[PDB]
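> Can you read through this structure? Questions will come right after.
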Ligand SMILES: NC(=O)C1=CN([C@@H]2O[C@H](COP(=O)(O)OP(=O)(O)OC[C@H]3O[C@@H](n4cnc5c(N)ncnc54)[C@H](OP(=O)(O)O)[C@@H]3O)[C@@H](O)[C@H]2O)C=CC1
Ligand code: SF4
C-alpha cells in the first residue's frame, strides 16, 4: 500500500510456478508418456503460472 | 519346361541384376536379396508340387527359414553402418578392391 | 465526414465505399487497404453469408456492413447505394452463367449502378473493364464490357474507369490456371512463341492503385489502365511458371480450331468449368501496349515486379520434393521489351 | 562502479561486429528454413539497418547491454523460436506510408 | 597445387571486386582499406568474412584489428597457408 | 484357358521390375508386397495352399514390416519415387521391355531360345491326376517334418538359436 | 472363380468410396490450409531419424520367433503320424529352444524393449 | 609404388580410426501444445527427444 | 419433381447432416476451459446432442475459443484455424475473447478473438454458464440450418 | 448368383459397423451415467448415417507435404482387408470352405497393420511417424503370441478348417478345456485390434489422434470404419472358436440366432473395458507381453501338445 486507495505493487506468488520450474530436473530421461503424467502430478494450472 | 517356370527364373535373374547394379544406401540390397530368396522359394515349391515328391514338401519352408534368417541378420549390420553415418554405400573405409 | 486521427484500424475516413461482388479476388485486397485505413465499407452479398465470412475481420466492429441485394431489381441496388459516398464496381465473370446471361452482367447491372449513382447523388462512381475491352471479334466479354463501359460513361461520365493489365496474386484465377494446365498433361499452345504476349501487374498494386485513385482528386472521369513494369512472352512466361512450380514442362502445339473444340467440350459441366470458349479467346489475344491513357504510375504508385512474387503465388502447386526453395534460384525471366 | 562486460568502447564494438557476422551468415538459412519470400538480400540489408539504428550510442556499459539484447534474437531464430510472423514483423510492411514532410503531415492530421 | 601468393592476392581482390561498396576505381592494394576507401566499417567485416569464406578459415577478429592494408591481410593468409611464396 | 496363373507370373515379374530397381527401400517394400501376394496366388494355383499362406504370412507379414522399421532408421530427406531419377525410371522401363519381349515370345508360341528352352503352351498341361484319400499330399507331406525328419529340426533349431545369439553379439558391442 | 471375385468386389467397393470421397465436396484447397499439422506452430523440420537400437534389438527377435512359429504350424497334422515317440521329442524340442532363445535374451539384458 | 593421387591419401591408423566418430550428430526436437490435450491448452513444452 | 424441389431436399439433407453432429475442437485457453467441460459433464452432456470433443482439427470442424487469448498465443491460433477442413466455423466464448473482456487493456491481450479469426456465434458470459453455452451451440445449429449453398448455387 | 451372396455379406456388415459406433457411444455413455446420443434419433438411431454424411460431405484435403499415392492407397487397403477377413467365417455355413482359413485369418490380420505403417509414413507429420512406429511395435509384438496360442488351441480341434471347429464343440465348449489360452487370446485381440488399455495407435491425449491425424474426411472414415470391422470380427472369431453351440442342419438359422448373441456378448465387453482402464504406455505394453504372457503361452503350448498323447485323445481330422 502506498497509502492511496490504489495498491502500488502486488506481486503474486504462484505455487505452480516453482513446481513447473522444478519439472525438468524431476523429468530427465523419463519416457515421453511419463513426462505427461508427471506434468499432471505437478497438478499445475497455467493461468496461475502466467499470472 | 513350361513357360511359367521360365518366367520365374527370369524373375530371379532380375532379382540378381538388381542386387548387383547396386546403388546408394545399401538397404535396397537387402531388399533385392530377399526378393531373390522369394523367387527361389517359389521356383522350388512349384516343383515339389509338380512331381508329388512328397517328402520335399518340407524343404521350401526350411529353405525359407535360413534364408530369411540370414536376412534377419543382415539388417543388424546395416544398423551398425547406419549408426556411424546415416547409411550410404558410397562411404567405404577399406582400401584395394 | 472529415477524417480524424492517424490512419489506422480505429481511424475514421469519409469513405463509405460500396464494393459489389467483393467475394472474388478483387476486391478482397481492396477492402483490406480500406480496412487498414479504418475506412468504413458496405460490401453487399449476392451469394451466401458463409463465403463472405472471412471478410469480417477486415473491419473494426461497426465498419463492414453486409447487405442483401440483387443486381436485377432496381431498388435492390438502390439499397446499398443509399448512403454510400462512393460506389465501386468490381463485378466480373469469366464463364457465363445461365440465369445471368453473359451480356447483362456487363451491361444492365453497370447501367442501373450508373443511373442510381446519379439519383442518389453519389459522390463518385468507378468501374472495371479489361484492357482488351476495345471491341474485337473474338470473345464476347471484351465487347459486352465495352458496352457497359461506354454505357456508364454515357450515364455517369465523370466516373473513372479501371482497365487493368492482368493482375497476379495468390488467389488468382489466371496464373493458377496455367499452373494447373499441367494436370491434363501438356500446355496447349496455339503455336507457341510470339503467338500472343502479356504483361502483368501485382494484385496488391492494383488495389493500392484503386484506393489511391479515390485519394486522387485528379482521377475524375479519366479512364485508368494498369500495366506492370516488365514485358513478357507467353511462351517464356509459362516457361517461368513451370520454372517456379518445378513441374515437368510440355509445350503442346495445337491447330487453333481444336482448342475451341476443347472449350466446347468443357463448357458442358453444370458446375464451374475449368475452361470455356470465352476463356479460350481470353487465351490467345495479346494485350495492347498503349501507355498514353491515364494509369497506374499516374497515381504515383510504382508496380511491384512479378518476378519476385510468383513464388509465393505458386508454391502450393509444388511437389514435396521441391516445396521449399528460394525464388532467386529460378532465374529472372528475360524481358522482351 | 561495476562494468557489465567490456571496459571502454571498441572492446564492445568488436562484439557487435561478431554479432553481425553471425546474423549475416545465418540469414540465408533463415529465409530457407522459414520459407520467407523476402528477397534474400533484403533481410541482410535490413540487418545492416537495424545495426545502423543504434549507430550513435556512446555509453560504456549500455552497448554491451545492447549486444546482450542482440544475442537473444539470433538465439531465437536459430532455435526456430519466433516464427514467420514474428520475424517478418520487422519489415512493417502493412503500415500506411507516413511522410515526414511538414506540409504533407500538415494536410493529413492534427499531428503533435 | 602449391598455392602461390599470387593466387591469394588474386582471390582477395577478386572477392573485393565482387563486392559492392568497393567500386573498381576505389580498389588499390597497398592503400589502407579504410583510410582511402569510403566504405562503411561493417564492410570490413563483411568482405573479410567472405574472403575467409573462400580460403575457408575463420579470421579471429584480432586479425580484423590487423587490417592496416588489405595486403597485410594477404600476408596473414600466407601466414596461415605457410606458403609465403 | 484363363492363363491366369501365367498372367500372375507376369505381374510377379514386373513386381520384381519395380522392385529390383532401387528407389528408396520403402517403395521396394511395396514391390515385395505386390510380388508377395502374386506369389502366394501363383503357388496357390497348384494347390500347395499351406505354403502360399506361409509366405503370405511368414514373409510379407513379417519381413517387410521389419523393413518398415529400417527405413525409419535410414530414410534421408526427400526419398525418391520411381519417377524421381533417370537411371531408376530408365531401369524400370528397361525391365518392362525385356519381360514384354518374353510375352511376345509367348505369342510366338515357339520354344524359347534364351538360356535354355521353354516348352511353351498353357500351364495346365503338365498337371496329372491328384487322386487321394481324405488328405492332401501337402498335409502329411509337411507333417512328415517332425516324425520322419528329425535331423533338419535339429539343425534349424540350433541355427535359429545361435542366430539370436549373433544378434546379441552384434548389437551389444555398441 | 470364388475368392478372386470377392477380392475384386471389395477393392472396387473401397476405391469407389475413395472416389466419392474426393470428387464430391468440391471446395477450395489452398496453401497453409494444406500445410502439415504440428499442434499449431510450424514444424522445426521435416521428419528425419527417430533412431533407436531399442527398436531392432527386440524387433529382430520378433522376426526370429516368427520364423519359429512358421515351423510350429505343421504340428496339428504331424500329431497324427504313425510314430509319435519319434515325433514327440521334437515337438517339445523346438519349443524348448524357442524358450531357450528367449531365456538367453531375458538375462543378457538384451530385452530392454521400449 | 604409390601414385601421387594415392599418395595424397593418409596412412591407415594404428588402431581404431576414431576420428569419424566425431561425425555422428543425430538429434530430434519437437513441441507439444498449445492445442495438445495434455498441454492444457497453453503450454509449449518444446523438447529434444531421442528415439 | 421440379429441380428446385429436389434441391430443397438435398439442401435439407446436407445442412441437416452437418448441423446434426458437429465435432468441436477446443482452445480452452484460460479459465473458461472448465465450463466447457461442464457442458460435457453428465448433467448436461453435450454428447447427446451428438457433439463430441475430438482433438486434431483435421478431424474436427467447429472451434470453441474458451478463455482469454494472449499475444504469443495468437499465431498458433491462426495456424489451427487455417488447418481445419471446410466448412469450418468458430465460436467466441465468454467475455473472454469477445473483446478482451476483463483484460481489455493490457499489452499482451489481443482484444477480441475476432481480430484473428472470422467468428460465428458469440456466447457472452464470464464464465458463461455451461447451459448458456448450450443455448449458444443450439443457436449455432439454428444458423447452420439456414445455410443453403445448394439453393444458391443452382440459382447462380 | 454368388455375387449377390457376396454383396449380401458386405452391405449388412457396414451397416453393423455404423450401428456399432452408435452403440459404442451409447453403452460407453451409460457407464458414464450421462446418456449417449439421443436427441437426433429418437433413440439416436438415425445418428450414424448423419455422421457419415457429415464426413463425406466435408472437404478431404490432399496435404501439401504428403506423397499422394501412399496416402490414398492405405485407407483402401484398410477397408479392403477389414472386409476380406470376413469371407471364410462359418455362420454356420462359411461363404467359403477354406481348408485352412484360420491361418488365413492370421494372414489378413498380419497385413492389416502394414497399412498403419504407410498411414503414418506418407502422412509426413512428426506425430504421424512416431505414432505409426510405436503402433507397429505393439502390433507385431502381439501377433507372435497371438499366433502361438491360436495354434495351441487348434491342436485339439483337429485341423485348420473352420467348420470342423463347430463339430468339435458339440458339447462342452473349448473354453472349459483351455480357458487360460482364451484369456491370452482375448487380450491379444484386445491389443491387436488396438483397443482400450492397449490404446497407443490412436495415441489420443498421448499423441493427439496418433497416425490417423492428417487424414481428413473420407479416408479417416475408412480407417475408423475398418477399425470397427476388425473389432467385431475378432470378436466373432473368438466366439466361434471358444464358445460352441447346438447345431441342427435342418434349421441353420437357429444357430445363427444364437451366434450373434454369443459374439455380441463379446463386443460389448470391449466397450465395457474402454470405460474402465487407463492405457499402458509403450514400455509396459510390451513388457507384460515379452516378459509375462509369452512364457505361459509356451508352457501351455507344450502342455497342449502333450495332452493328446497322454490322454490318447487325438482329434480325427486327417
Ligand atoms: N486479373 C484479373 O482478374 C483482372 C480482372 N479484371 C476485372 O476486374 C474485376 C475483378 O476481378 P475478380 O474480382 O478477380 O473477379 P471475381 O470473379 O473474383 O469477382 C467478381 C465477384 O462479383 C460477384 N458477382 C458479380 N456479378 C454478380 C451477379 N450478377 N450475381 C452474383 N454475383 C456476382 C461474383 O460472384 P459472387 O460474388 O456471387 O460469389 C464474384 O464474387 C472483374 O470484373 C474483372 O473483369 C480486370 C483486369 C484483370
Ligand atoms: S470469462 Fe471470466 S473466466 Fe473466462 S477468461 Fe474472461 S474472465 Fe477469466
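We did not get these values from a lab; they are worked out from the coordinates using the rules stated. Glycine gets a Cβ as well: all are built from the backbone with ideal geometry, and neighbour counts include every protein chain shown.
> Please enumerate the residues belonging to segment J:55-85 that are part of a loop (DSSP other than H, G, I, E, B) and within 9 Å of chain G (Cβ to nearest Cβ).
Start the filter on segment J:55-85 by keeping residues that are part of a loop (DSSP other than H, G, I, E, B), which leaves J:58-67, J:85.
Across segment J:55-85, the qualifying residues are J:58, J:59, J:60, J:61, J:62, J:63, J:64, J:65, J:66.
> When residues of segment C:1-28 are filtered for being away from every other protein chain (no Cβ under 12 Å) and either in a loop (DSSP other than H, G, I, E, B) or within 16 Å of ligand 2 (Cβ to nearest atom) (or both), how many remain?
5
> Can you find a residue that is away from ligand 2 (no atom under 16 Å from the Cβ), facing chain J (nearest Cβ under 8 Å), free of Cβ contacts under 8 Å to residues at least 24 places away in the same chain and more than 14 Å from residue H:37 (Cα to Cα) anywhere in segment I:51-60?
Within segment I:51-60 (the criterion being away from ligand 2 (no atom under 16 Å from the Cβ), facing chain J (nearest Cβ under 8 Å), free of Cβ contacts under 8 Å to residues at least 24 places away in the same chain and more than 14 Å from residue H:37 (Cα to Cα)), the answer is no, since none of the residues qualifies.
> Restricting attention to segment I:20-35, and to residues there that are within 14 Å of chain J (Cβ to nearest Cβ) and surrounded by 20 or more Cβ atoms within 10 Å (Cβ to Cβ), which single residue is nearest to ligand 1 (Cβ to nearest atom)?
By that ranking, first place goes to I:22.
> Here is a follow-up. Is it the case that some residue within segment I:101-110 is more than 16 Å from ligand 2 (Cβ to nearest atom), within 14 Å of chain G (Cβ to nearest Cβ) and either outside any helix (DSSP H, G or I) or under 15 Å from the mean Cα position of the chain (by Cα) (or both)?
No; the residues of segment I:101-110 include none that is more than 16 Å from ligand 2 (Cβ to nearest atom), within 14 Å of chain G (Cβ to nearest Cβ) and either outside any helix (DSSP H, G or I) or under 15 Å from the mean Cα position of the chain (by Cα) (or both).
> For segment I:85-97, which positions are more than 9 Å from ligand 2 (Cβ to nearest atom) and either free of Cβ contacts under 8 Å to residues at least 40 places away in the same chain or more than 14 Å from chain J (Cβ to nearest Cβ) (or both)?
Hits for segment I:85-97 are I:85, I:86, I:88, I:90, I:91, I:92.
> Considering D:27, D:40, which residue is within 14 Å of chain C (Cβ to nearest Cβ), in contact with a helix residue (DSSP H, G or I) (Cβ under 7 Å, 6 or more places away or on another chain) and either touching a residue at least 24 places away in the same chain (Cβ under 8 Å) or buried (at least 19 other Cβ atoms within 10 Å of the Cβ) (or both)?
D:27
> I've got another one for you. Test residue D:3 against the stated conditions and say whether it is surrounded by fewer than 17 Cβ atoms within 10 Å (Cβ to Cβ), over 13 Å from the mean Cα position of the chain (by Cα), closer than 21 Å to residue C:311 by Cα and away from chain G (no Cβ under 14 Å).
No; evaluated as a whole, the condition is false for this residue.
> Under 9 Å between Cβ atoms, at least 6 apart or on separate chains: pull out the pairs that start in segment E:44-72 with a residue that is in contact (Cβ under 8 Å) with a residue 60 or more places away in the chain and end on any residue that is assigned to a helix (DSSP H, G or I).
What qualifies is E:71/E:9; E:71/E:12.
> Turning to a different aspect of this structure: Across segment I:65-86, what is the total count of residues that are away from ligand 1 (no atom under 16 Å from the Cβ) and in a loop (DSSP other than H, G, I, E, B)?
Adding up the residues that qualify gives 10.
> Here is a check on your reading of the model: is residue G:98 facing chain F (nearest Cβ under 7 Å) and either surrounded by 21 or more Cβ atoms within 10 Å (Cβ to Cβ) or touching a strand residue (DSSP E or B) at 6+ places or on another chain (Cβ under 9 Å) (or both)?
no
> Just one of G:16, G:8, G:67 is without any contact (Cβ under 8 Å) to a residue 60 or more places away in the chain and either within 7 Å of another protein chain (Cβ to nearest Cβ) or within 23 Å of the chain's Cα centre (by Cα) (or both); which is it?
The conditions single out G:67.
> With the condition kept exactly as written, say whether any residue in segment G:28-37 is in contact with a helix residue (DSSP H, G or I) (Cβ under 7 Å, 6 or more places away or on another chain), closer than 30 Å to residue H:34 by Cα and within 14 Å of chain H (Cβ to nearest Cβ).
Yes, because at least one residue in segment G:28-37 is in contact with a helix residue (DSSP H, G or I) (Cβ under 7 Å, 6 or more places away or on another chain), closer than 30 Å to residue H:34 by Cα and within 14 Å of chain H (Cβ to nearest Cβ).
> If you scan segment H:3-45, which residues turn out to be under 19 Å from the mean Cα position of the chain (by Cα) and either under 21 Å from residue A:41 (Cβ atoms) or in a loop (DSSP other than H, G, I, E, B) (or both)?
Answer for segment H:3-45, where residues must be under 19 Å from the mean Cα position of the chain (by Cα) and either under 21 Å from residue A:41 (Cβ atoms) or in a loop (DSSP other than H, G, I, E, B) (or both): H:17, H:18, H:24, H:25, H:26, H:27, H:28, H:29.
> Out of (1) in contact with a strand residue (DSSP E or B) (Cβ under 6 Å, 6 or more places away or on another chain); (2) within 16 Å of ligand 2 (Cβ to nearest atom), what's the single condition that is false for residue I:28?
Exception for residue I:28: condition (1).
Yes/no matrix, rows are residues, columns are (1) more than 9 Å from ligand 1 (Cβ to nearest atom); (2) more than 14 Å from chain I (Cβ to nearest Cβ); (3) assigned to a helix (DSSP H, G or I); (4) free of Cβ contacts under 8 Å to residues at least 12 places away in the same chain:
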{"site": "C:76", "(1), (2), (3), (4)": "yes, yes, yes, yes"}
{"site": "C:79", "(1), (2), (3), (4)": "yes, yes, yes, no"}
{"site": "C:93", "(1), (2), (3), (4)": "no, no, no, no"}
{"site": "C:105", "(1), (2), (3), (4)": "no, no, yes, no"}
{"site": "C:114", "(1), (2), (3), (4)": "yes, yes, yes, no"}
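> All but one of (1) within 14 Å of chain I (Cβ to nearest Cβ); (2) not in a loop (DSSP other than H, G, I, E, B) hold for residue J:10, so report the exception by its number.
(1)
> Here is a list: B:6, B:59, B:1. Which entry is out of contact with any helix residue (DSSP H, G or I) (no Cβ under 8 Å at 6 or more places or on another chain), closer than 30 Å to residue F:130 by Cα and at the interface with chain F (Cβ under 9 Å from one of its Cβ atoms)?
Values: B:6 fails: out of contact with any helix residue (DSSP H, G or I) (no Cβ under 8 Å at 6 or more places or on another chain); B:59 fails: out of contact with any helix residue (DSSP H, G or I) (no Cβ under 8 Å at 6 or more places or on another chain).
Every option except B:1 fails the conditions.
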